[PDB]
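Colleague: The file below is upload_23.cif, mmCIF, C-alpha atoms; chains and numbers go by the auth columns:
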```
data_start
#
loop_
_atom_site.group_PDB
_atom_site.id
_atom_site.type_symbol
_atom_site.label_atom_id
_atom_site.label_comp_id
_atom_site.label_asym_id
_atom_site.label_seq_id
_atom_site.Cartn_x
_atom_site.Cartn_y
_atom_site.Cartn_z
_atom_site.B_iso_or_equiv
_atom_site.auth_seq_id
_atom_site.auth_asym_id
ATOM 1 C CA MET A 1 24.831 -33.614 -36.811 0.00 1 K
ATOM 2 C CA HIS A 2 21.890 -31.636 -35.414 0.00 2 K
ATOM 3 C CA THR A 3 23.550 -28.462 -34.166 0.00 3 K
ATOM 4 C CA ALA A 4 22.092 -25.607 -32.075 0.00 4 K
ATOM 5 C CA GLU A 5 20.746 -22.915 -34.416 0.00 5 K
ATOM 6 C CA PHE A 6 20.717 -19.222 -33.535 0.00 6 K
ATOM 7 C CA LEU A 7 18.755 -16.635 -35.476 0.00 7 K
ATOM 8 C CA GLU A 8 20.143 -13.180 -36.237 0.00 8 K
ATOM 9 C CA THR A 9 18.372 -10.622 -34.079 0.00 9 K
ATOM 10 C CA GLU A 10 17.909 -6.860 -33.814 0.00 10 K
ATOM 11 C CA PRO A 11 19.533 -4.775 -31.094 0.00 11 K
ATOM 12 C CA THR A 12 17.546 -4.879 -27.836 0.00 12 K
ATOM 13 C CA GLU A 13 14.618 -2.454 -27.651 0.00 13 K
ATOM 14 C CA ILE A 14 14.617 -0.581 -24.335 0.00 14 K
ATOM 15 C CA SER A 15 10.850 -1.120 -24.173 0.00 15 K
ATOM 16 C CA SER A 16 11.552 -4.880 -23.842 0.00 16 K
ATOM 17 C CA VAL A 17 13.650 -4.633 -20.680 0.00 17 K
ATOM 18 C CA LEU A 18 11.899 -5.113 -17.348 0.00 18 K
ATOM 19 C CA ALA A 19 14.331 -7.211 -15.271 0.00 19 K
ATOM 20 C CA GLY A 20 16.093 -4.062 -14.115 0.00 20 K
ATOM 21 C CA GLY A 21 13.162 -3.727 -11.732 0.00 21 K
ATOM 22 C CA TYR A 22 13.275 -7.067 -9.849 0.00 22 K
ATOM 23 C CA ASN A 23 16.838 -8.497 -9.746 0.00 23 K
ATOM 24 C CA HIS A 24 17.387 -8.112 -5.977 0.00 24 K
ATOM 25 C CA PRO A 25 15.477 -9.352 -2.872 0.00 25 K
ATOM 26 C CA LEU A 26 14.606 -5.798 -1.717 0.00 26 K
ATOM 27 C CA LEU A 27 13.230 -4.977 -5.166 0.00 27 K
ATOM 28 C CA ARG A 28 10.542 -7.636 -4.932 0.00 28 K
ATOM 29 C CA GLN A 29 9.395 -5.605 -1.931 0.00 29 K
ATOM 30 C CA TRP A 30 9.646 -2.354 -3.910 0.00 30 K
ATOM 31 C CA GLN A 31 7.439 -3.917 -6.550 0.00 31 K
ATOM 32 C CA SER A 32 4.548 -4.543 -4.170 0.00 32 K
ATOM 33 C CA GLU A 33 1.684 -2.079 -4.082 0.00 33 K
ATOM 34 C CA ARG A 34 1.054 -2.932 -0.423 0.00 34 K
ATOM 35 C CA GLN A 35 3.179 -4.864 2.082 0.00 35 K
ATOM 36 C CA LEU A 36 1.702 -7.311 4.623 0.00 36 K
ATOM 37 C CA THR A 37 1.712 -5.936 8.187 0.00 37 K
ATOM 38 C CA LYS A 38 0.359 -7.290 11.468 0.00 38 K
ATOM 39 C CA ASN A 39 -2.479 -4.782 11.959 0.00 39 K
ATOM 40 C CA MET A 40 -3.967 -5.989 8.643 0.00 40 K
ATOM 41 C CA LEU A 41 -4.850 -9.286 10.217 0.00 41 K
ATOM 42 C CA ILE A 42 -8.265 -10.113 11.654 0.00 42 K
ATOM 43 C CA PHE A 43 -8.642 -13.416 13.491 0.00 43 K
ATOM 44 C CA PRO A 44 -12.063 -15.113 13.790 0.00 44 K
ATOM 45 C CA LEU A 45 -13.196 -16.385 17.192 0.00 45 K
ATOM 46 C CA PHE A 46 -15.972 -18.956 17.655 0.00 46 K
ATOM 47 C CA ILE A 47 -17.611 -18.357 21.029 0.00 47 K
ATOM 48 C CA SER A 48 -19.593 -21.224 22.617 0.00 48 K
ATOM 49 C CA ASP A 49 -22.344 -20.695 25.212 0.00 49 K
ATOM 50 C CA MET B 1 -31.833 37.853 25.598 0.00 1 P
ATOM 51 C CA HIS B 2 -29.859 36.462 22.652 0.00 2 P
ATOM 52 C CA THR B 3 -30.635 32.753 22.819 0.00 3 P
ATOM 53 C CA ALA B 4 -29.095 29.848 20.861 0.00 4 P
ATOM 54 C CA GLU B 5 -31.171 29.227 17.722 0.00 5 P
ATOM 55 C CA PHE B 6 -31.577 25.798 16.145 0.00 6 P
ATOM 56 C CA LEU B 7 -32.991 25.255 12.678 0.00 7 P
ATOM 57 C CA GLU B 8 -35.357 22.392 11.874 0.00 8 P
ATOM 58 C CA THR B 9 -33.517 19.792 9.826 0.00 9 P
ATOM 59 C CA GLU B 10 -34.233 16.744 7.674 0.00 10 P
ATOM 60 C CA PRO B 11 -33.457 13.206 8.797 0.00 11 P
ATOM 61 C CA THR B 12 -29.794 12.295 8.222 0.00 12 P
ATOM 62 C CA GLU B 13 -28.953 11.134 4.697 0.00 13 P
ATOM 63 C CA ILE B 14 -26.828 7.974 4.782 0.00 14 P
ATOM 64 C CA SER B 15 -24.679 9.494 2.028 0.00 15 P
ATOM 65 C CA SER B 16 -23.596 12.172 4.556 0.00 16 P
ATOM 66 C CA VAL B 17 -22.127 9.765 7.106 0.00 17 P
ATOM 67 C CA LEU B 18 -18.404 9.051 6.932 0.00 18 P
ATOM 68 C CA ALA B 19 -17.260 8.984 10.581 0.00 19 P
ATOM 69 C CA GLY B 20 -18.154 5.310 10.815 0.00 20 P
ATOM 70 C CA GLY B 21 -14.875 4.765 8.989 0.00 21 P
ATOM 71 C CA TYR B 22 -12.368 6.518 11.301 0.00 22 P
ATOM 72 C CA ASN B 23 -13.594 6.533 14.941 0.00 23 P
ATOM 73 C CA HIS B 24 -10.911 4.191 16.347 0.00 24 P
ATOM 74 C CA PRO B 25 -7.061 4.256 16.348 0.00 25 P
ATOM 75 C CA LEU B 26 -6.787 1.063 14.237 0.00 26 P
ATOM 76 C CA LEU B 27 -9.174 2.521 11.661 0.00 27 P
ATOM 77 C CA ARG B 28 -6.844 5.397 10.854 0.00 28 P
ATOM 78 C CA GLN B 29 -4.461 2.618 9.831 0.00 29 P
ATOM 79 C CA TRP B 30 -7.198 0.872 7.830 0.00 30 P
ATOM 80 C CA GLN B 31 -7.784 4.126 5.997 0.00 31 P
ATOM 81 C CA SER B 32 -4.232 4.352 4.677 0.00 32 P
ATOM 82 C CA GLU B 33 -3.512 3.186 1.154 0.00 33 P
ATOM 83 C CA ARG B 34 0.041 2.269 2.177 0.00 34 P
ATOM 84 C CA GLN B 35 1.633 1.950 5.624 0.00 35 P
ATOM 85 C CA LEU B 36 5.183 3.143 6.402 0.00 36 P
ATOM 86 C CA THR B 37 7.658 0.262 6.818 0.00 37 P
ATOM 87 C CA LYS B 38 11.413 0.162 7.383 0.00 38 P
ATOM 88 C CA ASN B 39 12.434 -1.246 3.983 0.00 39 P
ATOM 89 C CA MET B 40 10.835 1.830 2.356 0.00 40 P
ATOM 90 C CA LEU B 41 13.568 4.007 3.742 0.00 41 P
ATOM 91 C CA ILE B 42 16.671 5.024 1.806 0.00 42 P
ATOM 92 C CA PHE B 43 19.370 6.921 3.688 0.00 43 P
ATOM 93 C CA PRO B 44 21.817 9.207 1.828 0.00 44 P
ATOM 94 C CA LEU B 45 25.537 8.913 2.569 0.00 45 P
ATOM 95 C CA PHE B 46 28.070 11.631 1.717 0.00 46 P
ATOM 96 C CA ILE B 47 31.439 9.984 1.114 0.00 47 P
ATOM 97 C CA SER B 48 34.590 12.144 1.398 0.00 48 P
ATOM 98 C CA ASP B 49 37.892 11.281 -0.315 0.00 49 P
#
```
Produce C-alpha cells that represent the structure in this file.
Modeller:
Amino acid sequence: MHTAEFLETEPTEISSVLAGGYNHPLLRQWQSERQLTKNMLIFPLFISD
Amino acid sequence: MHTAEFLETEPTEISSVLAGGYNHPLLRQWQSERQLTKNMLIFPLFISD
C-alpha cells in the first residue's frame, strides 16, 4: 500500500509564525495601513450643455 | 511719523507654496495619513472579584 509519509521536522522557529496576526475578523482590519472611509471617495460627473 | 515699511521682494517661488493643500475642511482630512475609526479603539475593563 501507498501510505501517507511524514518527514521528521525541527521544532517551530518563532520567526516562521505569522498567523497570530490575522486569525480574527477584526485583525484583518488591524492589518490594514489605511481603512476605506466615505470622504475618500470622489465621484465623476459628466455635465452636458 | 513712523510709517509701515515694505521691502521689495522677488516673485513667489513655487517651492514656497503649500497652502494649496489645506485651504478647505475636507483637505485637512486628505492630509491625514490615517483617519480615526471606531474599530481602532480598545477600551480597558477593570474586573473585580
Colleague: Around the point (13.7, 1.3, 0.7) (coordinates from the file), which residues reach within 9 Å if we count all atoms listed in the file? Answer as a PDB file with C-alpha atoms, in the frame of the given file.
Modeller:
```pdb
ATOM      1  CA  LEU K  26      14.606  -5.798  -1.717  1.00  0.00           C
ATOM      2  CA  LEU K  27      13.230  -4.977  -5.166  1.00  0.00           C
ATOM      3  CA  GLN K  29       9.395  -5.605  -1.931  1.00  0.00           C
ATOM      4  CA  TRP K  30       9.646  -2.354  -3.910  1.00  0.00           C
TER       5      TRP K  30
ATOM      6  CA  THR P  37       7.658   0.262   6.818  1.00  0.00           C
ATOM      7  CA  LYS P  38      11.413   0.162   7.383  1.00  0.00           C
ATOM      8  CA  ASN P  39      12.434  -1.246   3.983  1.00  0.00           C
ATOM      9  CA  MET P  40      10.835   1.830   2.356  1.00  0.00           C
ATOM     10  CA  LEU P  41      13.568   4.007   3.742  1.00  0.00           C
ATOM     11  CA  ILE P  42      16.671   5.024   1.806  1.00  0.00           C
ATOM     12  CA  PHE P  43      19.370   6.921   3.688  1.00  0.00           C
TER      13      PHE P  43
END
```
Colleague: Both chains have the same sequence, so superpose chain K on chain P over all Cα atoms paired in order and return it as a PDB file with C-alpha atoms, keeping the file's coordinate frame.
Modeller:
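Writing done, so here's part.pdb:
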```pdb
ATOM      1  CA  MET K   1     -31.833  37.854  25.599  1.00  0.00           C
ATOM      2  CA  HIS K   2     -29.859  36.462  22.652  1.00  0.00           C
ATOM      3  CA  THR K   3     -30.636  32.753  22.819  1.00  0.00           C
ATOM      4  CA  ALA K   4     -29.096  29.848  20.860  1.00  0.00           C
ATOM      5  CA  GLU K   5     -31.171  29.227  17.722  1.00  0.00           C
ATOM      6  CA  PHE K   6     -31.577  25.798  16.145  1.00  0.00           C
ATOM      7  CA  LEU K   7     -32.991  25.255  12.679  1.00  0.00           C
ATOM      8  CA  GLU K   8     -35.358  22.392  11.873  1.00  0.00           C
ATOM      9  CA  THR K   9     -33.518  19.793   9.826  1.00  0.00           C
ATOM     10  CA  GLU K  10     -34.233  16.744   7.674  1.00  0.00           C
ATOM     11  CA  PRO K  11     -33.457  13.206   8.797  1.00  0.00           C
ATOM     12  CA  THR K  12     -29.795  12.295   8.222  1.00  0.00           C
ATOM     13  CA  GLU K  13     -28.953  11.134   4.697  1.00  0.00           C
ATOM     14  CA  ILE K  14     -26.828   7.974   4.782  1.00  0.00           C
ATOM     15  CA  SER K  15     -24.679   9.493   2.028  1.00  0.00           C
ATOM     16  CA  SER K  16     -23.596  12.173   4.556  1.00  0.00           C
ATOM     17  CA  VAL K  17     -22.126   9.765   7.107  1.00  0.00           C
ATOM     18  CA  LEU K  18     -18.404   9.052   6.932  1.00  0.00           C
ATOM     19  CA  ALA K  19     -17.260   8.984  10.581  1.00  0.00           C
ATOM     20  CA  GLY K  20     -18.153   5.310  10.815  1.00  0.00           C
ATOM     21  CA  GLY K  21     -14.875   4.765   8.988  1.00  0.00           C
ATOM     22  CA  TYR K  22     -12.368   6.518  11.302  1.00  0.00           C
ATOM     23  CA  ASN K  23     -13.593   6.533  14.941  1.00  0.00           C
ATOM     24  CA  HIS K  24     -10.911   4.191  16.347  1.00  0.00           C
ATOM     25  CA  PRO K  25      -7.061   4.256  16.349  1.00  0.00           C
ATOM     26  CA  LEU K  26      -6.787   1.064  14.238  1.00  0.00           C
ATOM     27  CA  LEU K  27      -9.174   2.521  11.661  1.00  0.00           C
ATOM     28  CA  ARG K  28      -6.844   5.397  10.854  1.00  0.00           C
ATOM     29  CA  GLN K  29      -4.461   2.618   9.831  1.00  0.00           C
ATOM     30  CA  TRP K  30      -7.198   0.872   7.829  1.00  0.00           C
ATOM     31  CA  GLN K  31      -7.784   4.126   5.998  1.00  0.00           C
ATOM     32  CA  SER K  32      -4.232   4.352   4.676  1.00  0.00           C
ATOM     33  CA  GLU K  33      -3.512   3.186   1.154  1.00  0.00           C
ATOM     34  CA  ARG K  34       0.041   2.269   2.176  1.00  0.00           C
ATOM     35  CA  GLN K  35       1.633   1.950   5.624  1.00  0.00           C
ATOM     36  CA  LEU K  36       5.183   3.142   6.402  1.00  0.00           C
ATOM     37  CA  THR K  37       7.658   0.262   6.818  1.00  0.00           C
ATOM     38  CA  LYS K  38      11.413   0.162   7.383  1.00  0.00           C
ATOM     39  CA  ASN K  39      12.435  -1.246   3.983  1.00  0.00           C
ATOM     40  CA  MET K  40      10.836   1.830   2.356  1.00  0.00           C
ATOM     41  CA  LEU K  41      13.568   4.008   3.742  1.00  0.00           C
ATOM     42  CA  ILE K  42      16.671   5.024   1.806  1.00  0.00           C
ATOM     43  CA  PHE K  43      19.370   6.920   3.688  1.00  0.00           C
ATOM     44  CA  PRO K  44      21.817   9.207   1.829  1.00  0.00           C
ATOM     45  CA  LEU K  45      25.537   8.913   2.569  1.00  0.00           C
ATOM     46  CA  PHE K  46      28.070  11.631   1.717  1.00  0.00           C
ATOM     47  CA  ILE K  47      31.439   9.984   1.114  1.00  0.00           C
ATOM     48  CA  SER K  48      34.590  12.144   1.397  1.00  0.00           C
ATOM     49  CA  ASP K  49      37.892  11.281  -0.314  1.00  0.00           C
TER      50      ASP K  49
END
```
Colleague: Once 3 Å is added on each side, what centre and edge lengths in Å to one decimal does the axis-aligned box around all listed atoms of segment 28-38 of chain P have, as lines of an AutoDock Vina configuration file?
Modeller:
```
center_x = 1.8
center_y = 2.8
center_z = 6.0
size_x = 25.2
size_y = 11.2
size_z = 15.7
```
Colleague: One number please: atom CA of residue 21 of chain K to atom CA of residue 36 of chain K, in Å, one decimal.
Modeller: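 Separation of atom CA of residue 21 of chain K and atom CA of residue 36 of chain K: 20.3 Å.
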Colleague: Pick out the closest residue to chain K from this set: P:35, P:9, P:45, P:2. Count only C-alpha atoms.
Modeller: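 Checking each of P:35, P:9, P:45, P:2 against chain K, counting only C-alpha atoms, the winner is P:35.
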Colleague: In Å to one decimal, how far is atom CA of residue 11 of chain P from atom CA of residue 23 of chain P?
Modeller: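 Computed distance, atom CA of residue 23 of chain P to atom CA of residue 11 of chain P, equals 21.8 Å.
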Colleague: Taking only C-alpha atoms into account, name the residue in K:5, K:44, K:28, K:49 that is nearest to chain P.
Modeller: K:28
Colleague: Work out how far atom CA of residue 22 of chain P is from atom CA of residue 34 of chain P, in Å to one decimal.
Modeller: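 Rounded to one decimal, the two atoms are 16.0 Å apart.
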Colleague: Pick out the closest residue to chain K from this set: P:7, P:1, P:12, P:31. Count only C-alpha atoms.
Modeller: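 Under the stated criterion, the closest residue is P:31.
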